[PDB]
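First comes the structure, then the notes that go with it.
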Amino acid sequence: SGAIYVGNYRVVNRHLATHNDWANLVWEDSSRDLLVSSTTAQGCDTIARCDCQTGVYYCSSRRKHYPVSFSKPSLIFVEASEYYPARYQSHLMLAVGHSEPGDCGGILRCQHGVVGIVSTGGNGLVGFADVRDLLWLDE
Ligand SMILES: COc1ncccc1CC(=O)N1CCC[C@H](C(N)=O)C1
Ligand SMILES: [Zn+2]
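The sequence shown begins at 7 in the entry's author numbering and counts up by one.
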């Protein structure tokens, strides 16, 4: 699991969004596996505004942070699961790395800050949902 807390927002994987996330919906994108809900107290996570393709991500199946190089945000065909049917998820960055379903939520970080959260995985690869384009998060 896991989330990013920036300002008066909470950023989770859409498929893991709780009842309170839906009761306080701000923005959501099924094809991005993203959901933004509102928070009462002030979040202080810094979002990265960069062009990076190297980062370090947290992996709870190992309790380890991994240094990885990843692709630029794009459309990747994500196989069917119980949360979604066979579809193309947009804004997804792929890296060669380990992951398990319970790892969705771990953050990929660079020197600039928070790049995105773990979203997909399979075949010795791990995918991250990018959040760097969401400029409205800091205002
Ligand atoms: C090895 O499998 C995994 N590895 C990491 C995270 C997640 C998985 C499982 C996986 O691919 N998905 C299940 C949950 C929703 C995902 C999505 N965004 O479409 C797809
Ligand atoms: Zn960066």
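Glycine residues also receive a C-beta, built at the ideal position from the N, C-alpha and C atoms.
Residue i beta carbon near ligand 1 (any heavy atom closer than 7 Å)
i: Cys110; result: yes
i: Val74; result: no
Integer-rounded CB distance, given that residue j should sit under 8 Å from residue i
i: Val120; j: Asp51; result: 6 Å
i: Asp35; j: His21; result: Not confirmed; about 12 Å, so no contact.
i: residue 157; j: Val74; result: Residue numbering for the chain in the displayed model covers 7 to 145; residue 157 lies beyond these limits and cannot be assessed.
i: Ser105; j: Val84; result: Not a contact, Cβ separation roughly 13 Å.
i: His97; j: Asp136; result: 5 Å
Pairwise C-alpha distance: residue j and residue i
i: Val42; j: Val17; result: 5 Å
i: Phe134; j: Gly108; result: 14 Å
i: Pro79; j: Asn30; result: 27 Å
i: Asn26; j: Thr46; result: 12 Å
Proximity test, residue i beta-carbon vs ligand 2 heavy atom, cut-off 7 Å
i: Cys50; result: no
Under 8 Å between C-beta atoms of residue i and residue j
i: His118; j: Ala54; result: yes
i: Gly111; j: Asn19; result: yes
i: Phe76; j: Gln59; result: yes
i: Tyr15; j: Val32; result: yes
i: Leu143; j: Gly13; result: yes
i: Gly130; j: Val102; result: yes
Any chance you could list the beta strand (DSSP E) runs of at least 3 consecutive residues sitting entirely within the segment 19 to 107, in chain order? 31 to 35, 40 to 50, 60 to 65, 70 to 75, 80 to 84, 93 to 102
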